[PDB]
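The primary structure of each chain is shown beneath.
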Amino acid sequence: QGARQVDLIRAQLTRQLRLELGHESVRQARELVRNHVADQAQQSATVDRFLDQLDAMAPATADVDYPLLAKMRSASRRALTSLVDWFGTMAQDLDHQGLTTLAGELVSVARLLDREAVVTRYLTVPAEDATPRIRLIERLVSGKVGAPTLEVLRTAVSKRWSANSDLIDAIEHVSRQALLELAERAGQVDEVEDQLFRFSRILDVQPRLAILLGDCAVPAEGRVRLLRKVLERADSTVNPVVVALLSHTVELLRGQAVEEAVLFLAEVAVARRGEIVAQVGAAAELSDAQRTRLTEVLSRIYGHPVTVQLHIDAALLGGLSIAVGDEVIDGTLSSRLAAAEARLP
Amino acid sequence: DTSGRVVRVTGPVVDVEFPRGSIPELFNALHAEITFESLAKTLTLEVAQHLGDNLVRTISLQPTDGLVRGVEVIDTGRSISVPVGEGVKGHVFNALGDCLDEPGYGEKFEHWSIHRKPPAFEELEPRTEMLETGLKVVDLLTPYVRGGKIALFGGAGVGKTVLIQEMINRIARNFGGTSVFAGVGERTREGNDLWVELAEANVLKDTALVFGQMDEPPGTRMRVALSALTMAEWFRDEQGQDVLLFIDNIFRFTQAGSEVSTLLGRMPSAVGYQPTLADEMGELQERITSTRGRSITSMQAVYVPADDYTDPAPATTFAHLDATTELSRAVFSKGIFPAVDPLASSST
Amino acid sequence: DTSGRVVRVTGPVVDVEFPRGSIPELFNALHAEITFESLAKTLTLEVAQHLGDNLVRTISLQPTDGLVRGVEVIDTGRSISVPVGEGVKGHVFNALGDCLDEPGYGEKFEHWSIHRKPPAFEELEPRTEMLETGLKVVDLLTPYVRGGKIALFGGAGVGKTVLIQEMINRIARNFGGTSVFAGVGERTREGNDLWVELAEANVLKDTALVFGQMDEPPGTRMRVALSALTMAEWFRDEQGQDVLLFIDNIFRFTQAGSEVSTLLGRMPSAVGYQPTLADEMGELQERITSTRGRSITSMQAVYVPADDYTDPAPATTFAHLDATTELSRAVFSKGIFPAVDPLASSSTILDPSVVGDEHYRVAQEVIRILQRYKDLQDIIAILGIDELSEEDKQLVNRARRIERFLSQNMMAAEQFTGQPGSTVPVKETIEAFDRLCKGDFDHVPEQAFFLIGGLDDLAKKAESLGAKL
Amino acid sequence: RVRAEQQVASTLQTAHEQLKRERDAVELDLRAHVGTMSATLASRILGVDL
Amino acid sequence: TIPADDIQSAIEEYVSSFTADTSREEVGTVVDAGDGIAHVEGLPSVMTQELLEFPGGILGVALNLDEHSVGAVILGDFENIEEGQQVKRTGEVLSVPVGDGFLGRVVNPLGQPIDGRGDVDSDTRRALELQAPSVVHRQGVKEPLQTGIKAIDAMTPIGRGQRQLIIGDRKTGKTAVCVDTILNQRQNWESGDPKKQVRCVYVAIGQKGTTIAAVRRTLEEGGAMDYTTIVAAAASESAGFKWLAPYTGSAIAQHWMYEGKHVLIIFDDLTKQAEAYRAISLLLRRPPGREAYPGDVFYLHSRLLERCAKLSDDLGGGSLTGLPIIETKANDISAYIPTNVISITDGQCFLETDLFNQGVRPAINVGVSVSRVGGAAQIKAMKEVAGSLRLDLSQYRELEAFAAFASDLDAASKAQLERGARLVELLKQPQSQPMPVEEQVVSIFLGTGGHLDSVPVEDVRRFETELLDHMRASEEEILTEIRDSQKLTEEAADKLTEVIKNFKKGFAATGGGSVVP
Amino acid sequence: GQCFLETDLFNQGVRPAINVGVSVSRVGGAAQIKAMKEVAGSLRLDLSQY
Ligand SMILES: Nc1ncnc2c1ncn2[C@@H]1O[C@H](COP(=O)(O)OP(=O)(O)OP(=O)(O)O)[C@@H](O)[C@H]1O
Ligand SMILES: Nc1ncnc2c1ncn2[C@@H]1O[C@H](COP(=O)(O)OP(=O)(O)O)[C@@H](O)[C@H]1O
Ligand SMILES: [Mg+2]
Ligand SMILES: [Mg+2]
């Protein structure tokens, strides 16, 4: 037994030495890769090396993802798809100022709904002979707003809803769809999408502005003042419809995370086209040729057209790390370093 | 197009969402699939509640280890059905009707739902009748009731299995009848033991064994008595035969019902049993009755918690028992078989 | 910036909101301010749960009276730390690590986090060395383990505090190492008593006291044991010399954890305790241990709620101890002190291979006699003693003399009986109880056995009543 | 028993010290290969000889 | 001597062969975390009971699944969980390494050695929740598993495939009974016969680490670690480890049972596993029932104990004998978890504090202790010498009220009283001293054969020991006949009786008188 | 401390109804004058034993 004990201590200190050997080994490899990849060309070499592995990544049984339609439990979904089909029928009616005033009045009546909860409860009964409800709503704004507005509100309240916040958010959603069509007519769809994404970047990376926009109880006039003001502080946001969207969204934040709400806005904007968002991270921005490579290989993977968002971070030490919805392909070399470190014997 | 999908998995409780016009009726049998090759199986779910918004809450009958949210759930359209007929004699089944000794046997029999109603008040016997077994101590001091329920209070080593085989023989040879054994919460060792003893004494050909074992979720332990009772009801009503139903530890049926009630979030009654304890005990014991000349006589092993005969479970059980047979060890040591205690046994 | 904001204040539990990414880890220490001039202070909050949506549920260590919603909460980036080193000896400290008798003392010491992991299993070693106290009943039936885990169980007000004071007098007065005393949710009068009495015996210069008492909110009563245990762990691991750790009513740790379990949003367990009862008790009690070559002789008092030894808190504490001295109120009501239940108390070194053959034989005979007496007591109460045998009457006389001879006049009970204390070596105890069980003193009255020391005291008090031996 | 105890305890102490001497004196000589093994690990992690 | 260049070469080969294919992983995000539970949004394809890996090598088990999040139990180092971390999907249910490399090791409830003696060579892996043997896969329990304790082996026999509950308050000798049962298999191990060798697994749930150290030391001093594994979930481990430790110990010992081997598994304080599972279920906010238990705790224990089976000869003939341990409080066997495990097992050994204090050790209550397998788990010799024991002890227990009026008793009554006193002195046994079956047969033959009526009741123990000692030195052939033939023939009975007579005329009592009739 | 009063001791004529066995004062002789500390030294224990 004493012999066994001495063998135990010998072998255990042996394993200890092995471990602190491997740790400094991975340290040395880490600084070696860090000073090697400092070559601006070698970062591109690594990423387009990973790109051929991506070329040998097919296939993937991807599914289309929806902005909030996949969030509502039931009864509200059917209602939401019915209303989006109704607005798809509406799609060509309104004109420029038509659509913009549609959005303004719809967000105003959303404020009106969230101002009187009891009337929302009443108009959100999931009953069959909903006709008194529709009377109610026109009784509210018979001479206050536009006619197709009142029509779509009628067909909305005609539907059944599992809750109250579902209809509240649905009218916001159809107003956003109207603004999306307005931006579409102008032909800036990818422009507005990527500018919302970039504003989401600058909103999340310095979340102070995000939180000071999340003030629930504070009135929203100063909120939108602050917001637009910070936006048109520079004119790299020449497009005004982005400002319209974000303003009439922050008007009814309802305690939502701004740093997530703006991503939600961008994602529904891209989802209008049927594309799937795909965030990516790397250490240095690549040429737009490599962007074409990435978009084509990701479309081949997920069987849908996709858009990217390159959030620069050098600490990833080259390579890419992509995330599509709720799965991740992590090829950046720093993740491999952490893996080989944690998987030491 | 008309199938559901798993939404929540909380142990044996599984919530399934169906389309707007395809909600399964209460107590329906649903089928889900666990494809993880190690635990690959077909889960049988029993609809327990309608939660609203097309959600139903079901109790799983197999362990849900390996179930994924979103898996398609198929609705069978009927409750748990067991195979019925003369061919179920001599075989071992589980609470769902699957043959354990010969997998696949019985799948092309007639299948009967385990949720049935007792005979109508028009059809019940208004006059009690004595079941003459042929045993001296029973026929004299503890006369059995035909179509009634007899409590059995024999432990280990007093010849309880011997008395069970004896009753099987007597009901098969003096009445031209049948026996069905429901092992509610059966120890698998004792289940296999009973199987091989019934096969050795050549009385298995007159018995149908239905085993809801202890290593199973509370659903099958709660429904195995109903499965065996459905087989017995087919033997009585359809074949025109006297039946003897041995329910081993009806207390385990009560306890499984209490566990199922706790899992479904229901507030407990006194002591801790389910709020619907007497209703479930009645729903089970009221189908064991005499009807149209034929009867189902039941012998039930009873457990009394803490020797407290006022405990809600034995107090609810004894509302239906017509006789009591206590197997004594002081009588078994004297060499007196059957070891029926003549002073502790009793009849109504 | 990267600070917090108080959102909810429900008693001692405070909810705080932080920006995304600046959420403090679990068990961190946050600082909030109470500016009301009559109650102005700096609240220390220990992060307990991550509520989601950047919310954080913390437990306050000071009373929250005067705390406003929306005030700034500063994340210190670390857990609660206490001063450690050979300089904490001789001073009364806080649950936060603040010196009470000399404020500011110890802010320049090394500071150790009060959250540790228990030693690895390969470092654990069983302890089987007897710690001779000097009490007859303890030395005989519940031999304490040197370097092991000892506890005193008992209801409310039986003997626990007096027994721990007695053991501080016996074991710690002539010790070659360090002593640490944790007053976990106890009286403050007793804390001042101990402070003064350790200053009198010149023991304070070797002892470090850490007090969080009954008037403190549940956070202090939940963390004071961890603070004192961190001081003891420093004395064991860094200095490495023979720590003594006394803890008064450690249970108060469990009770303080139970007072806030519903405010933290946990469903209650059987008897109203937290669902994490055994888990927290194990996380704490596994750090109180002696590793291989490094000794900590621990001694805790365990309150038994309503004298029910089946209560989940003592029933869970029972599994962490090498020796248990279990005090009864039935023995307290008879005037026998210390009120040790000889039939319930136990020790793991009560082994013929550890204490010897004669010690073990005498202890087993005493236990058998007392068990037979407890079995006969009801018959004697109803039918009378004259109904028994002659063997049984002999045994009953012996058992009454034995249960009176297990009592003793302790050194720490002079304040309650006016009588000075006694000390009895273990060999004298063994031989005395051997003579009792054999029947050498069956002619001495039942008194003259009551509250005395060895056999010389027995002879003195027997002759004081007109008898010999 | 005690004889089998004192002997094994003494040889345990003397072997522990000898293995400590082995350890400290062989600790740093193997670091001649830590550089090249770090290099080959970097080559594996990049997918190139660099 | 140390292989340092070998240590170079090991990590050398490791790093020269390192590879991590960038495969698509499914990740989720921690939303909340507290008290050892973490809720993880995302992970659509995660299955129930699946292992998840948090940042920092932390492990969890996905228990609760709903449309919002995934409630997972953290298996340790929980204070490192934060809101916002990412959780990776493993794709596996809880598995444990299994093989012969676990004999003599102390392991986690994950197969990780915590003794420090190096990694464990694992044959394969085995899932924790594999189904129990079918009702047609088993076989009648017929082979005895000798505990070496006279009271158990004679009154409540244990077979190979039986589940016997050791139930008692505390400090009554349950751990001692189970450790003696383990130590008694040392001679079975030294035989080298895989049909006689019993491999032991000891699961320590919720125990102080020093208690596990003491148990392992006791097993080592008896040479019992050559065939024993210790699965330890100490008192400081998470509720997850305390809940999973019996299933880890039972996943091991099924790899052996299905290989045609015989195993004995001890679950020290299944009550503590029940409290850990109750903590987990109350933190996951599942509906509580009696004593706040989740409602599937009877399932928790029956699923575990129904895997201790006696397989058929078509499956190899292996067996797993379960010894669960339950701590009652104030002898309340009518509590919830005692009721459950009494209902599940095949027999119960009730250890009592009153009996322990009376000097009856092991403190087994032979009146209420039962074994539903019975004489089917006894050799013919023990089966016939111990049949004359239960009735004698019952008659003694019903006559011991007249212990002081033997003058007024019939001659048969006083004879029964004295024989019962001698028999009660016969079933006592020291701790950590198990007896082989032939010595127990000889001792019970002394008791029931009337050969102790001449000995003072305060000497019986010694006499028994000494006689066995004599027979271990002079007449070994009697013990060899009983051991190899499993029965006591008439010739062996005559030889044993005359040996007893000679020893009696050579024996010296403590009262001074002779013990000759 | 505690001064536990009982209904049984009250009806028996013991008034005040203090249960001398379970009643106690944790300050003790420090809360008495010298004369009462000496004369009432072990009164509570004597009465419990009685
Ligand atoms: N057969 C025996 N003879 C004499 N003493 C015994 C015997 N069995 C056990 N003991 C003594 O009982 C003491 C405690 O027993 P043990 O620890 O085995 O009980 P337990 O069931 O494990 O209780 P717990 O789990 O609460 O500690 C030990 O110190 C041991 O010396
Ligand atoms: N050895 C003793 N001699 C006399 N009185 C005692 C003794 N031990 C305890 N007591 C009495 O018990 C009372 C409280 O005991 P204490 O141990 O302080 O309670 P607790 O165990 O609840 O802390 C004391 O006031 C004292 O009068
Ligand atoms: Mg006290
Ligand atoms: Mg134990």
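The deposited coordinates, according to the entry record, derive from cryo-EM at 2.80 Å resolution.

Turning our attention to the overall build of chain E. In terms of regular secondary structure, chain E is built from 18 helices and 16 strands. C-alpha extents for chain E along the principal axes are approximately 90 × 55 × 45 Å. Burial analysis of chain E (517 residues in total) assigns 62% to the buried set. Sequence separation of at least 24 residues holds for 73% of the intrachain contacts in chain E that already meet a minimum separation of 6. When the accessible surface of chain E is split by element, carbon and sulfur atoms take 46% of a total near 17600 Å². Here chain E carries 52 positive and 74 negative side-chain charges, and the mean point of each set is 5 Å from the other.

Nowhere do chain A and chain F come into contact; their C-alpha atoms are at least 53 Å apart. Between chain B and chain F there is no contact, and the shortest C-alpha to C-alpha separation is 33 Å.

All names here are of chain B. Two strands pair when backbone bridges link them, and strand β3 (residues 29-34) and strand β4 (residues 41-52) are joined in this way by 6 bridges, in the antiparallel orientation. Directly across from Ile 34, in β4, lies its bridge partner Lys 41. Counted between consecutive antiparallel strands, the loop separating β3 from β4 contains 6 residues. Relative to strand β5 (residues 55-60), β4 is paired through 6 bridges, and the arrangement is antiparallel. Each residue of the ladder has a partner; that of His 50, found in β5, is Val 56. Between β4 and β5, which pair antiparallel one after the other, the connecting turn spans 2 residues, and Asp 53 there sits at a positive phi close to 60°.

This brings us to the packing of helix α3 (residues 174-183) of chain E against helix α5 (residues 209-221) of chain E. Residue and element names in this part refer to chain E. Close contact between α3 and α5 brings their axes to 10 Å; oriented N to C, the two are set at 30°. Crossing handedness for the pair α3 and α5: right-handed. For the pair α3 and α5, the contacting residues are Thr 175, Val 179, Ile 182 and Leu 183 in the first and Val 215, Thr 218 and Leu 219 in the second. Tallied by class, residues from the contact of α3 with α5 come to 5 nonpolar, 2 polar and no charged.

Turning our eyes to something else, we now look at the sheet that holds strand β12 (residues 149-152) of chain B. Residue and element names in this part refer to chain B. Read from one edge to the other, the open sheet built from 8 strands follows the order β8-β14-β13-β15-β16-β12-β17-β18, with strand pairing classed as mixed. One side of each edge strand has no neighbouring strand; the edge strands of this open sheet are β8 (92-94) and β18 (346-347). For β12 and strand β16 (residues 296-301), the ladder comprises 4 bridges, and the chain directions are parallel. Bridge assignment links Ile 150 to a residue of β16, and that residue is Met 299. Sitting on the sheet, helix α2 (residues 160-173) touches β12, β13 (178-186), β14 (207-213), β15 (243-248), β16 and β17 (323-325), and the angle it makes with β15 is about 160°.

Before going further, it helps to examine the nonpolar core. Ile 182, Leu 219 and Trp 243 of chain E are the most contacted members of the largest nonpolar core, which totals 97 residues. Beyond its immediate chain neighbours, meaning those up to four positions away, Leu 219 of chain E contacts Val 179, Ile 182, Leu 183, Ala 224, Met 225, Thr 228 and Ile 230 of chain E. Counting 75 residues, the second-largest nonpolar core is a separate cluster that includes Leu 135, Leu 350, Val 426 and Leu 436 of chain C.

Between chain E and chain C, the residue contacts involve 47 residues of the former and 52 residues of the latter. A buried area of about 4100 Å², summed over both sides, lies between chain E and chain C, and 53% of it is on carbon and sulfur atoms. Its largest share of buried area at the contact with chain C, chain E owes to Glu 83, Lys 208 and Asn 357 of chain E, together 15% of the area lost on that side. With a shortest N-O distance of 3.6 Å, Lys 117 of chain C and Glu 79 of chain E are connected by a salt bridge. Our count for the contact surface shared by chain E and chain C stands at 15 residue pairs in polar contact. For the side of chain E that touches chain C, the secondary-structure elements that each account for two or more residues are β1 (24-34), α5, α6 (239-251), α8 (270-283) and α11 (353-357) of chain E. In terms of residue count, the dominant contributor to the side of chain E that touches chain C is α5 of chain E (6 residues). Class assignment of the residues belonging to the side of chain E that touches chain C gives a composition of 19 nonpolar, 8 polar and 20 charged.

Cut-offs used in this document
Residues numbered from 1 in each chain as written, not as in the entry; some residues may be left out. Chains lettered and ligands numbered in written order. Part of a larger assembly, values for the part shown. Heavy atoms only, no water. Helix = DSSP H or I, 4+ residues; strand = E, 2+ residues; numbered from the N terminus. Buried < 20%, exposed > 50% of the residue type's maximum accessible area, 1.4 Å probe, protein only. Contact = heavy atoms within 4.5 Å. Areas by Shrake-Rupley, 256 points an atom, 1.4 Å probe, with all protein chains shown as cover. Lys, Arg positive; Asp, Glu negative; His and termini not counted. Charge placed at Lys NZ, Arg CZ, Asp CG, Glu CD. Pairing = 2+ DSSP bridges. Axes fitted to C-alpha atoms, helices over the stretch in contact; angles between N-to-C directions. Left-handed = near helix turned anticlockwise from the far one by under 90°. Nonpolar A, V, L, I, M, F, W, Y, C, P; charged D, E, K, R; others polar. Core = buried A, V, L, I, M, F, W, Y, C linked by side-chain atoms within 4.5 Å. Buried area = accessible area lost by both parts, 1.4 Å probe. Salt bridge = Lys/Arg side-chain N within 4 Å of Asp/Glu carboxyl O. Polar contact = N/O pair within 3.5 Å; in protein donor to acceptor, adjacent residues only side chain to side chain.

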